[PDB]
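Trainee: Have a look at the structure that comes next, please.
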Amino acid sequence: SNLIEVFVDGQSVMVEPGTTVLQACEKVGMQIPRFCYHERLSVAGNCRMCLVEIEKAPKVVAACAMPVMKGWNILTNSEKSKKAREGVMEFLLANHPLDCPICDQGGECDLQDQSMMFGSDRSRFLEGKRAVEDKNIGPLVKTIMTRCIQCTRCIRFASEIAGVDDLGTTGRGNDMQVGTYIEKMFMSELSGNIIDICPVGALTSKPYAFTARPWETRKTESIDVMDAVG
Amino acid sequence: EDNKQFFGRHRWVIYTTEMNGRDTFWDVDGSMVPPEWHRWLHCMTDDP
Amino acid sequence: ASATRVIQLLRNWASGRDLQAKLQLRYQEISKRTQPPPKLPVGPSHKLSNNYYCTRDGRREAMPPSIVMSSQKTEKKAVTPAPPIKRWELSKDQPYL
Amino acid sequence: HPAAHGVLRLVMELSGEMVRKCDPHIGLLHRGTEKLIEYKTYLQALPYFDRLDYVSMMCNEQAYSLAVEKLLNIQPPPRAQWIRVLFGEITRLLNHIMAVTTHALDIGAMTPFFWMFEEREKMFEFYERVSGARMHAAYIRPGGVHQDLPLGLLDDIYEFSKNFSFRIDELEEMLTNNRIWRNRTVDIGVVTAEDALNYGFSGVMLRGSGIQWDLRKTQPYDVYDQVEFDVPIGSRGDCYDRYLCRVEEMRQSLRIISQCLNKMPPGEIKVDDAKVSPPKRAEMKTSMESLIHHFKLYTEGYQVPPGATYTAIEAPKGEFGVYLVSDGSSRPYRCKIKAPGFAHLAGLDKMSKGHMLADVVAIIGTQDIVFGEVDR
Amino acid sequence: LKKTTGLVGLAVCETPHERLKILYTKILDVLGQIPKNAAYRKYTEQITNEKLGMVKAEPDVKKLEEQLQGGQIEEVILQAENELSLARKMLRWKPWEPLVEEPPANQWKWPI
Amino acid sequence: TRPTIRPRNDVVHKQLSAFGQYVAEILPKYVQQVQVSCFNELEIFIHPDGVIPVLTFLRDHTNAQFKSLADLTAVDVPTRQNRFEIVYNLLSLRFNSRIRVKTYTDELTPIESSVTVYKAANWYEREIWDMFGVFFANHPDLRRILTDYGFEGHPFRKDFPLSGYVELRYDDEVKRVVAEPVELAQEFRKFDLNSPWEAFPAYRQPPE
Amino acid sequence: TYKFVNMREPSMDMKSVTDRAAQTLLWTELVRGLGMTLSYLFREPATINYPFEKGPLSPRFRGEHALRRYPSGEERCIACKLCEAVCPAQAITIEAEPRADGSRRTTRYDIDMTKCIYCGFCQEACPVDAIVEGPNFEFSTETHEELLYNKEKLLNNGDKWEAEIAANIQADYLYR
Amino acid sequence: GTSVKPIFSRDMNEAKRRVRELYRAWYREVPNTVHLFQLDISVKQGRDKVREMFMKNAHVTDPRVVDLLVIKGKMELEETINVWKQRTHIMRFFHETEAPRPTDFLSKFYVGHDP
Amino acid sequence: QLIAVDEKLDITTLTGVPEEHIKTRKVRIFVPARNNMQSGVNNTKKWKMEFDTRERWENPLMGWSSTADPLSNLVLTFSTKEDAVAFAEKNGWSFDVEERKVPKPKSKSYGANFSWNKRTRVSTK
Ligand code: SF4
Ligand code: SF4
Ligand code: SF4
Ligand code: SF4
Ligand code: FES
Ligand SMILES: [Mg+2]
């Protein structure tokens with residue numbers, strides 16, 4: 001075939017050309033940590049959590065965006081990859097608000113879980129944190145933008161899936177903010193999905209606010225009947 | 001208080017005879033002690 | 001103790017020991033019920049550098065047990081699970097009660 | 001029955017007052033603890049071991065913590081280990097007081113019970129000062145201890161320990177040389193070394209038959225290899241020798257307590273690993289990582305790497321063990337509790353052969369049975 | 001000579017050298033009926049020959065106890081009796097044969 | 001590594017590996033696997049027919065002398081064809097060592113009783129029969145030990161509900177304690193605690 | 001290292017034999033036991049005059065539960081439900097919603113005091129010091145239902161014991 | 001072949017024999033149980049209940065399952081004979097306090113959601 | 001020597017389960033769906049067996065949730081679908097088996113964000 005041979009921790013994998021390092025790792029049951037990457041959205045490569053070491057290469061690569069070359073040996077659990085993950089989580093948590101008890105994402109937060117699995121256990125940040133003002137985008141999505149990690153998942157979803165170009169980024173540097181820049185509402189038939197893709201509690205469900213925690217809910221797999229899509 | 005008594009007998013309370021609504025000349029109990037004197041009386045602090 | 005000296009002497013004679021030396025009632029030798037605040041030092045991982053968690057991650061160094069003699073797959077002296085236990089020695093403090 | 005510890009149904013076939021057969025019926029205190037553990041996290045499962053043997057609480061806590069730490073591949077800090085050994089010896093003092101005095105009460109000497117329960121009350125005060133609970137401290141946790149010692153606790157422990165020996169002396173004056181006590185205890189419930197080994201006995205029930213075995217000496221844990229003490233050994237395998245062994249074990253526990261008081265080091269009290277041990281409250285309210293780790297340790301708990309361990313300690317009643325099976329999650333897959341009382345009471349019929357009613361009462365007293373650990 | 005062994009039910013054995021020699025000879029004679037290539041036969045014969053050689057070369061009981069590392073030759077005698085009984089049982093069982101059966105495919109796989 | 005990490009012991013690991021090889025060589029008929037864990041514990045997985053020989057060998061052999069039966073219990077894994085895992089824990093005082101012997105069975109296949117090897121097994125076997133329903137052949141007196149009289153089912157099985165099927169109360173009409181189907185004023189609240197992110201890469205399984 | 005407890009031989013001289021015979025005939029060790037009891041008779045008893053005198057406690061003592069407030073009177077609880085998650089006995093039941101001012105507060109906070117094991121894990125898990133185990137321990141009831149605490153009962157307990165609770169927390173918080 | 005180890009009986013005939021011996025033992029024991037426990041039922045009621053408990057399992061065709069059922073029944077009989085059971089344990093076989101739950105569709109529909 | 005039974009496994013008479021909770025229960029065998037709030041997939045590896053949901057009602061005294069069926073919290077874990085089916089069949093439970101859903105492989109290309117003529121070109125980063 002046209003498949004090429006790569007290695008994940010020395011294990012041989014036959015992959016199609018154009019496969020990224022992250023996909024090749026997932027072909028062997030290894031999930032690379034990620035924040036900005038979603039398999040149904042366009043690649044962004046800005047969160048830098050997917051950084052991984054390729055053998056005989058001095059610099060780590062973004063596993064979500066870098067196509068894997070033939071013969072590459074992806075070292076997913078080397079010291080380089082672990083230290084890169086710890087550094088990226090340190091930077092992510094430097095300015096994050098201490099809002100876990102009041103955050104609806106608590107218990108189902110990718111930031112929490114990936115800090116517990118791939119980050120360190122303490123903080124050496126001795127400064128004051130940044131705080132941003134909230135945006136009103138409608139009665140469905142509650143917005144607390146101090147928790148935002150600027151993964152730009154909402155922007156990509158709104159632009160590509162929902163077809164609405166009303167979200168974006170304003171400013172630059174540490175003051176770059178996600179929003180609409182005007183008092184505008186993100187009312188779309190698919191808008192609520194931006195709550196799901198957001199890894200943090202920056203975008204939460206307003207009707208669901210404060211009522212439950214994830215561990216106490218029972219999950220019933222069922223079918224929607226509001227339309228004929230099923 | 002009496003610091004010459006051993007630990008346990010060195011602090012005590014003579015209860016009142018008339019609490020909120022009931023006659024307590026004979027019917028006394030430890031729940032009548034208010035929280036501040038409760039802390040003093042149970043030796044969780046050395047200060048009245 | 002507030003006992004009179006004659007009753008104290010009777011107690012010592014009946015017990016056969018000096019009772020006043022070791023008393024069960026602990027009048028005043030005990031610590032104060034109000035104490036100064038502590039400072040409570042921190043552990044060895046409270047450092048600002050050279051403190052990456054991947055170098056002090058005890059949970060991630062656990063590994064599945066080593067397999068000896070799977071069935072699926074000379075001199076050869078006999079062995080014991082460990083060297084024989086050494087005979088205990090009599091106490092020098094008080095070998096016999 | 002005053003001698004049945006409340007939950008023992010001993011069905012006895014008797015010829016006159018001579019005991020022909022003892023059939024112990026247990027499970028009157030079976031609460032299904034081991035099945036309940038499978039629905040709790042490891043920290044949530046910890047307080048069950050307090051109620052397993054409610055005469056030796058911190059020893060069961062220590063056994064469970066050692067098993068979990070072995071499975072986690074972590075190390076408690078040295079000060080935590082010294083505190084653990086100190087409070088374990090205090091717990092041994094409590095357990096041996098209860099055993100000896102309830103044994104004497106069962107025979108009929110009811111006076112030493114009152115003398116020694118004041119000492120038990122003082123050690124309960126120590127427990128409460130260190131944890132806020134008189135019995136069910138939950139103080140010893142995987143990773144170390146919950147809180148550091150309050151200021152002045154060591155001085156009070158020293159004050160108690162410098163006087164406990166005279167209380168032991170008074171108890172010994174009452175019981176050891178009394179001819180009624182020897183008539184009731186000498187040559188009663190004699191068990192041989194080979195039978196004791198084959199019947200699964202441990203602790204004093206072994207050492208009363210001359211078997212030189214102590215888990216604190218042969219397979220030490222925590223800082224037990226840093227303290228000096230003697231192991232009392234019996235010669236006749238009867239109730240009297242086991243009574244003497246327990247009294248001398250109390251004296252050796254006093255010796256170990258003195259060494260622990262004089263060798264307490266400084267430092268932290270739980271492992272400096274926030275993925276296992278919760279951070280201090282000040283850090284949780286200041287640092288993002290500390291708050292996240294507090295949240296996750298108190299909601300989900302820590303995941304334990306998959307594997308099975310059998311971890312045992314020399315509890316005051318014998319070898320106390322846990323077979324702990326972890327499937328990789330934060331909830332234990334299996335927890336089997338090994339209690340010395342189970343095997344000791346299993347051999348009650350064997351040790352009662354050729355004896356009378358009061359002899360069987362004395363044998364039940366000398367086996368040192370608590371049914372929370374027997375039934376679980 | 002020795003007043004007591006210190007273990008309840010374990011009697012002091014007069015003439016332990018003769019008893020040990022008899023027991024080791026019996027163990028060797030029983031092992032002689034086991035196949036030569038059986039690991040149990042060769043291992044037990046090796047250790048039995050070592051202990052018998054130690055017994056034949058030391059007339060002092062305390063020094064023989066120190067050499068044997070077996071704990072007070074009365075328990076050494078008991079261990080020899082246990083070994084003889086086990087040898088007879090093992091001759092009955094024939095555990096040197098190949099494996100009876102393999103376990104199912106995932107019988108020992110953990111986790112799950 | 002340093003302070004927060006439990007140290008290793010290579011000497012004990014090598015000794016346990018050597019003794020496991022020894023036992024496997026001596027009894028090829030029954031031994032199926034030998035393992036030494038990272039915290040220095042030796043496990044021997046045997047065929048069910050070898051329960052009596054292997055244990056006997058571990059008790060009476062001069063080089064083993066595992067004279068104490070510390071614990072005997074069962075583990076229930078419903079996904080296995082042989083549901084129940086029978087675990088023996090043995091202590092050798094002569095060599096100051098511990099060993100584990102593991103075998104397997106299902107709901108209908110009896111296991112040989114070990115009371116001829118260790119008397120202490122008696123109650124333990126009873127408990128297994130009480131708690132999991134595993135039958136032990138040639139047990140001198142096999143019956144329930146922990147559960148109530150007439151109790152149906154085996155509560156330590158994973159498919160047995162936590163609160164059981166019946167509960168007890170005193171009924172005054174019949175003037176006695178009666179048993180009725182369970183009703184709970186507050187139902188036990190199930191928690192979903194497992195994180196969706198992998199914790200230990202060393203134990204990762206093939207993707208099948 | 002070990003010692004023997006019962007391995008001493010009595011001397012067989014005439015003096016020792018006569019001493020033992022006099023012990024048998026005149027009951028000297030029984031008189032020693034009587035003397036020990038008589039000595040205890042004249043000692044001061046260890047009894048305290050309850051309820052007028054109380055046993056000593058600690059700032060760490062775990063007693064009746066209470067819900068605390070900020071100095072402004074606002075509730076400290078924010079319905080994070082950590083105490084409910086950590087409770088080994090499932091004694092806590094919590095329901096919450098946004099308040100009329102948009103605040104994160106509970107609408108139900110019940111503790112089953114006949115399910116509680118009084119372990120203190122809830123006050124460890126609390127990040128705002130909202131739920132505590134107070135110093136009170138004398139709250140026996142006459143009916144079972146009185147021991148099923150709802151949010152009003154716990155808030156009343158906090159308002160009633162705050163003076164002692166704050167002092168105990170001030171004494172203890174540097175160990176936590 | 002299916003290579004299964006027996007418990008007691010090779011096939012179903014010896015299993016039926018063991019069932020008959022257990023039934024004989026229970027049938028003999030019932031009057032003694034009525035007298036000793038001081039029960040208000042008659043011997044006919046107890047023997048009918050024994051028959052009902054035996055017929056509850058009349059559909060079993062596996063000799064090993066039958067052997068285990070006989071073992072459990074012998075355990076129950078040994079419990080009853082030695083007065084290890086109490087009157088409540090024996091009377092639990094009769095469900096005298098539980099109200100009779102209807103079987104037809106309409107009554108279940110009226111009462112609740114259970115099928 | 002063996003006896004060679006030739007009948008399918010059935011242990012309903014030995015488990016002590018009441019009749020109502022055998023013939024009236026319906027167990028679902030399925031690989032749980034990924035929680036859409038998170039990207040981790042570690043909870044979608046094993047098969048689960050669960051029971052049908054029965055009635056829960058409010059307790060009159062406290063408003064707590066009350067249940068009457070004892071199998072409401074029972075969840076079993078299996079490594080393969082066939083193991084769960086065998087367990088259900090030997091325990092006498094009627095079951096519905098739902099096939100495992102795996103996300104399909106997807107063609108990801110970063111350069112497609114900057115296409116010369118295709119619509120995949122992005123207007124923002
Ligand atoms: S988004 Fe996650 S980490 Fe941030 S406050 Fe909410 S729960 Fe905590
Ligand atoms: S609001 Fe959420 S999805 Fe949007 S950029 Fe911020 S973290 Fe990402
Ligand atoms: S003290 Fe323990 S059992 Fe009681 S409510 Fe708090 S956490 Fe739950
Ligand atoms: S009492 Fe504390 S832990 Fe419990 S819900 Fe309220 S804020 Fe959270
Ligand atoms: S996942 Fe690759 S940089 Fe964010
Ligand atoms: Mg979100």
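Each chain in the structure tokens gets a letter, A, B and so on, in the order shown; residues start at 1 in every chain, and ligands are counted from 1 in the order they appear.
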Distance table requested - chain D against chain C, cut-off 6 Å, only C-alpha atoms: one row per qualifying residue with the closest atom pair and its distance in Å to one decimal, ordered by chain and rising residue number, as CSV.
Mentor:
residue,atom,partner,partner_atom,distance
D:72,CA,C:59,CA,5.4
D:73,CA,C:58,CA,5.5
D:74,CA,C:58,CA,5.4
D:152,CA,C:31,CA,5.6
D:156,CA,C:30,CA,5.8
D:163,CA,C:22,CA,5.6
D:268,CA,C:43,CA,5.2
D:272,CA,C:43,CA,5.6
Trainee: Show me, as number ranges by chain, every residue of chain G with an atom at most 9 Å from chain D, counting only C-alpha atoms.
Mentor: G: 1-7, 29-30, 32-34, 36-37, 46, 56-63, 81-89, 117-121, 124-125, 127-128, 172-176
Trainee: Report as number ranges by chain which protein, DNA and RNA residues come within 6 Å of ligand 6, using only C-alpha atoms and all ligand atoms.
Mentor: A: 195-196, 198-201, 203-204
Trainee: Please provide the set of residues having any atom within 12 Å of residue 109 (chain E), restricted to only C-alpha atoms, with same-chain residues fewer than 5 positions apart removed, written as a ChimeraX atom specification.
Mentor: /C:64-65 /D:306-307,327 /E:103-104 /F:33,45,77,79-80,85,203,205 /I:79
Trainee: At a cut-off of 10 Å, which residues of chain G touch chain A? Count only C-alpha atoms and give the answer as a ChimeraX atom specification.
Mentor: /G:77-82,84-85,94-99,103-107,126-128
Trainee: Which residues in chain G does DSSP call strand (DSSP E)? List them as a list in words.
Mentor: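 Strand (DSSP E) members of chain G, listed: residues 2, 3, 4, 65, 66, 67, 92, 93, 94, 95, 96, 97, 98, 104, 105, 106, 107, 108, 109, 110, 111, 112, 131, 132, 133, 148 and 149 of chain G.
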Trainee: Could you please take those selected residues and save N, CA, C and O atoms as a short mmCIF file (atom, residue, chain, number, x, y, z; two decimals), in the first residue's frame?
Mentor:
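So selection-v7.cif came out as:
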data_model
loop_
_atom_site.label_atom_id
_atom_site.label_comp_id
_atom_site.auth_asym_id
_atom_site.auth_seq_id
_atom_site.Cartn_x
_atom_site.Cartn_y
_atom_site.Cartn_z
N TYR G 2 15.22 -11.39 73.47
CA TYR G 2 14.04 -11.85 74.19
C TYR G 2 14.39 -12.10 75.65
O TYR G 2 15.56 -12.09 76.04
N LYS G 3 13.35 -12.31 76.45
CA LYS G 3 13.50 -12.66 77.85
C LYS G 3 12.44 -13.69 78.23
O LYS G 3 11.41 -13.81 77.57
N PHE G 4 12.72 -14.43 79.29
CA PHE G 4 11.80 -15.42 79.84
C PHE G 4 10.99 -14.81 80.98
O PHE G 4 11.48 -13.98 81.74
N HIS G 65 -22.36 19.34 64.22
CA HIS G 65 -22.06 20.10 63.01
C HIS G 65 -22.70 21.48 63.04
O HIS G 65 -23.71 21.71 63.71
N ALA G 66 -22.09 22.40 62.31
CA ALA G 66 -22.60 23.76 62.19
C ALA G 66 -22.18 24.35 60.85
O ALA G 66 -21.17 23.97 60.27
N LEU G 67 -22.99 25.31 60.38
CA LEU G 67 -22.72 26.06 59.16
C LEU G 67 -22.38 27.49 59.54
O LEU G 67 -23.10 28.12 60.33
N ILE G 92 -24.53 13.50 53.90
CA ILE G 92 -24.79 14.86 53.44
C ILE G 92 -25.58 14.79 52.15
O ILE G 92 -25.26 14.00 51.25
N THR G 93 -26.63 15.61 52.06
CA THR G 93 -27.45 15.74 50.85
C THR G 93 -27.57 17.22 50.52
O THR G 93 -27.98 18.02 51.38
N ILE G 94 -27.24 17.59 49.29
CA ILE G 94 -27.10 18.99 48.89
C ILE G 94 -27.85 19.22 47.59
O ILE G 94 -27.73 18.43 46.65
N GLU G 95 -28.61 20.32 47.54
CA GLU G 95 -29.18 20.83 46.30
C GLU G 95 -28.97 22.34 46.25
O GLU G 95 -29.10 23.03 47.27
N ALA G 96 -28.69 22.85 45.06
CA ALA G 96 -28.30 24.25 44.90
C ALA G 96 -28.93 24.83 43.64
O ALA G 96 -29.39 24.11 42.76
N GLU G 97 -28.93 26.16 43.58
CA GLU G 97 -29.36 26.92 42.42
C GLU G 97 -28.84 28.34 42.56
O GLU G 97 -28.43 28.74 43.65
N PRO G 98 -28.82 29.12 41.48
CA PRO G 98 -28.47 30.54 41.61
C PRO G 98 -29.52 31.28 42.43
O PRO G 98 -30.72 31.07 42.27
N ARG G 104 -24.09 31.79 44.22
CA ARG G 104 -24.04 30.32 44.24
C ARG G 104 -24.28 29.86 45.67
O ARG G 104 -23.37 29.88 46.50
N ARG G 105 -25.51 29.42 45.96
CA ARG G 105 -25.89 29.03 47.31
C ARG G 105 -26.70 27.75 47.26
O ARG G 105 -27.24 27.37 46.22
N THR G 106 -26.78 27.08 48.41
CA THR G 106 -27.56 25.86 48.52
C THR G 106 -29.04 26.18 48.74
O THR G 106 -29.40 27.21 49.32
N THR G 107 -29.89 25.28 48.26
CA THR G 107 -31.30 25.27 48.62
C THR G 107 -31.66 24.15 49.58
O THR G 107 -32.64 24.26 50.31
N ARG G 108 -30.88 23.07 49.58
CA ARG G 108 -30.98 22.00 50.55
C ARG G 108 -29.59 21.65 51.03
O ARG G 108 -28.69 21.42 50.21
N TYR G 109 -29.41 21.58 52.35
CA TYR G 109 -28.16 21.08 52.93
C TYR G 109 -28.55 20.30 54.19
O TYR G 109 -28.73 20.87 55.26
N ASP G 110 -28.68 18.98 54.03
CA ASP G 110 -29.09 18.10 55.12
C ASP G 110 -27.94 17.19 55.52
O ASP G 110 -27.20 16.70 54.67
N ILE G 111 -27.80 16.97 56.83
CA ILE G 111 -26.88 15.98 57.36
C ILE G 111 -27.68 14.99 58.20
O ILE G 111 -28.37 15.39 59.14
N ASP G 112 -27.58 13.71 57.86
CA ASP G 112 -28.21 12.65 58.64
C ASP G 112 -27.28 12.31 59.80
O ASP G 112 -26.27 11.63 59.63
N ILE G 131 -18.64 24.42 56.64
CA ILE G 131 -19.17 23.37 57.51
C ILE G 131 -18.08 22.99 58.50
O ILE G 131 -16.92 22.78 58.12
N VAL G 132 -18.44 22.94 59.78
CA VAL G 132 -17.50 22.55 60.83
C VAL G 132 -18.18 21.56 61.76
O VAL G 132 -19.41 21.45 61.81
N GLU G 133 -17.35 20.82 62.50
CA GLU G 133 -17.80 20.06 63.65
C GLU G 133 -17.54 20.90 64.89
O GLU G 133 -16.38 21.19 65.22
N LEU G 148 -32.30 14.39 62.23
CA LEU G 148 -32.17 14.60 60.80
C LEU G 148 -32.10 16.11 60.57
O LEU G 148 -33.12 16.79 60.52
N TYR G 149 -30.88 16.62 60.44
CA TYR G 149 -30.64 18.05 60.41
C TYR G 149 -30.81 18.60 59.00
O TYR G 149 -30.25 18.05 58.04
#
Trainee: So that I can check the surroundings of region 3-10 of chain H, please list as JSON, numbers by chain every protein, DNA and RNA residue that reaches within 12 Å of it, counting only C-alpha atoms and ignoring chain neighbours fewer than 4 positions away.
Mentor: {"E": [101], "F": [48, 49, 105, 106, 107, 108, 109, 110, 111, 112, 134, 135, 136, 137, 138], "H": [14, 15, 16, 17, 18, 19, 62, 63, 64, 65, 66, 67, 68, 69, 70, 71], "I": [1, 2, 3, 4, 5, 6, 7, 9]}
Trainee: I'd like to know which of C:47, C:75, C:1, C:84 is closest to chain F, using only C-alpha atoms.
Mentor: C:84
Trainee: Select residues of chain H: the criterion is any atom within 12 Å of an atom of chain D, counting only C-alpha atoms; output as a tab-separated table (two decimals) with C-alpha atoms, in the first residue's frame.
Mentor:
chain	number	residue	atom	x	y	z
H	79	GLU	CA	-29.56	-25.74	60.94
H	82	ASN	CA	-29.84	-28.28	66.02
H	83	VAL	CA	-32.15	-25.34	66.89
H	84	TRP	CA	-29.61	-22.96	65.40
H	85	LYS	CA	-32.54	-21.38	63.59
Trainee: As a list in words, please: every residue in region 36-71 of chain E that DSSP puts in alpha helix (DSSP H).
Mentor: residues 39, 40, 41, 42, 43, 44, 45, 46, 47, 48, 49, 50, 51, 52, 53, 54, 55, 56, 61, 62, 63, 64, 65, 66, 67 and 68 of chain E
Trainee: Ligand 2: which residues are within 9 Å, counting only C-alpha atoms and all ligand atoms, as an MDAnalysis selection string?
Mentor: chainID A and resid 35:36 143:157 167:169 177:179 194:204
Trainee: Output N, CA and C atoms for every residue in that selection, as a short mmCIF file (atom, residue, chain, number, x, y, z; two decimals), in the first residue's frame.
Mentor:
data_model
loop_
_atom_site.label_atom_id
_atom_site.label_comp_id
_atom_site.auth_asym_id
_atom_site.auth_seq_id
_atom_site.Cartn_x
_atom_site.Cartn_y
_atom_site.Cartn_z
N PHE A 35 -5.26 20.59 24.57
CA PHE A 35 -6.29 21.55 24.93
C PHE A 35 -6.95 22.19 23.72
N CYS A 36 -6.17 22.67 22.76
CA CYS A 36 -6.71 23.38 21.62
C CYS A 36 -7.11 22.47 20.46
N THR A 143 -20.84 33.16 30.54
CA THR A 143 -19.47 33.52 30.19
C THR A 143 -18.75 34.04 31.42
N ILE A 144 -17.67 33.36 31.80
CA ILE A 144 -16.74 33.86 32.82
C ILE A 144 -15.35 33.75 32.18
N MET A 145 -14.91 34.83 31.55
CA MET A 145 -13.74 34.79 30.67
C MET A 145 -12.41 34.80 31.41
N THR A 146 -12.40 35.00 32.73
CA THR A 146 -11.16 34.87 33.47
C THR A 146 -10.64 33.44 33.43
N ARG A 147 -11.52 32.45 33.32
CA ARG A 147 -11.12 31.06 33.22
C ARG A 147 -10.66 30.66 31.83
N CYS A 148 -10.76 31.55 30.85
CA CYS A 148 -10.41 31.21 29.48
C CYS A 148 -8.91 30.98 29.33
N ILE A 149 -8.55 29.94 28.59
CA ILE A 149 -7.15 29.61 28.32
C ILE A 149 -6.78 29.91 26.87
N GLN A 150 -7.64 30.61 26.14
CA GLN A 150 -7.34 31.10 24.79
C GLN A 150 -7.01 29.96 23.82
N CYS A 151 -7.71 28.83 23.97
CA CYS A 151 -7.51 27.72 23.05
C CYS A 151 -8.17 27.98 21.70
N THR A 152 -9.04 28.99 21.63
CA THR A 152 -9.76 29.40 20.42
C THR A 152 -10.63 28.30 19.84
N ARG A 153 -11.07 27.34 20.65
CA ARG A 153 -11.97 26.31 20.15
C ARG A 153 -13.32 26.89 19.76
N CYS A 154 -13.84 27.82 20.56
CA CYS A 154 -15.13 28.42 20.28
C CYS A 154 -15.11 29.20 18.97
N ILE A 155 -14.02 29.92 18.71
CA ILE A 155 -13.91 30.69 17.47
C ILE A 155 -13.95 29.76 16.26
N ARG A 156 -13.16 28.68 16.32
CA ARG A 156 -13.11 27.74 15.20
C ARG A 156 -14.45 27.06 14.99
N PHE A 157 -15.11 26.65 16.08
CA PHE A 157 -16.42 26.02 15.94
C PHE A 157 -17.44 26.97 15.35
N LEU A 167 -17.39 35.51 16.72
CA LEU A 167 -16.42 35.35 17.80
C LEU A 167 -15.01 35.56 17.27
N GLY A 168 -14.13 36.03 18.15
CA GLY A 168 -12.75 36.22 17.76
C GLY A 168 -11.91 36.67 18.94
N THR A 169 -10.73 37.19 18.62
CA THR A 169 -9.79 37.67 19.62
C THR A 169 -9.50 39.15 19.39
N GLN A 177 -8.05 38.83 24.36
CA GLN A 177 -9.31 38.39 24.93
C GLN A 177 -10.19 37.79 23.85
N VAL A 178 -10.94 36.76 24.24
CA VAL A 178 -11.90 36.09 23.36
C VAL A 178 -13.25 36.76 23.56
N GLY A 179 -13.90 37.12 22.46
CA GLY A 179 -15.20 37.75 22.54
C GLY A 179 -15.76 38.23 21.22
N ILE A 194 -20.80 25.13 21.99
CA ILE A 194 -19.56 25.77 22.43
C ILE A 194 -19.35 25.57 23.92
N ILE A 195 -20.40 25.17 24.65
CA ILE A 195 -20.22 24.80 26.05
C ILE A 195 -19.46 23.49 26.16
N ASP A 196 -19.78 22.53 25.28
CA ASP A 196 -19.15 21.22 25.36
C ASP A 196 -17.67 21.28 24.98
N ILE A 197 -17.35 21.98 23.89
CA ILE A 197 -15.98 21.95 23.38
C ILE A 197 -15.05 22.77 24.27
N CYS A 198 -15.57 23.75 24.98
CA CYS A 198 -14.73 24.56 25.85
C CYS A 198 -14.18 23.68 26.96
N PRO A 199 -12.85 23.55 27.09
CA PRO A 199 -12.31 22.62 28.09
C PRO A 199 -12.45 23.12 29.51
N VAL A 200 -12.77 24.40 29.69
CA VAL A 200 -12.79 25.01 31.02
C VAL A 200 -14.17 25.58 31.28
N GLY A 201 -14.33 26.22 32.43
CA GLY A 201 -15.61 26.77 32.83
C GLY A 201 -15.83 28.19 32.33
N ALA A 202 -15.04 28.61 31.35
CA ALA A 202 -15.25 29.93 30.75
C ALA A 202 -16.60 30.00 30.05
N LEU A 203 -16.97 28.95 29.32
CA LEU A 203 -18.27 28.84 28.68
C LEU A 203 -19.04 27.71 29.35
N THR A 204 -20.07 28.06 30.11
CA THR A 204 -20.85 27.08 30.85
C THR A 204 -22.32 27.19 30.46
#
Trainee: Can you work out which residues are within 7 Å of ligand 5, considering only C-alpha atoms and all ligand atoms, and then hand them over as a ChimeraX atom specification?
Mentor: /A:33-37,44-51,62-65
Trainee: With only C-alpha atoms as the counted atoms, please give the residues lying no more than 10 Å from region 22-39 of chain B, apart from itself and same-chain residues fewer than 2 positions off, as a PyMOL selection string.
Mentor: (chain B and resi 13-20+41-48) or (chain G and resi 50-54+56-59+135-139+160-165+167-168)
Trainee: Report the distance between CA of residue 223 (chain D) and CA of residue 60 (chain D) in Å, rounded to one decimal place.
Mentor: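 Distance between the two atoms: 16.9 Å.
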Trainee: Give me, as number ranges by chain, all polymer residues having an atom no more than 9 Å from region 55-60 of chain E, counting only C-alpha atoms and skipping those fewer than 5 positions away in the same chain.
Mentor: E: 17, 20-21, 50, 65, 67-68
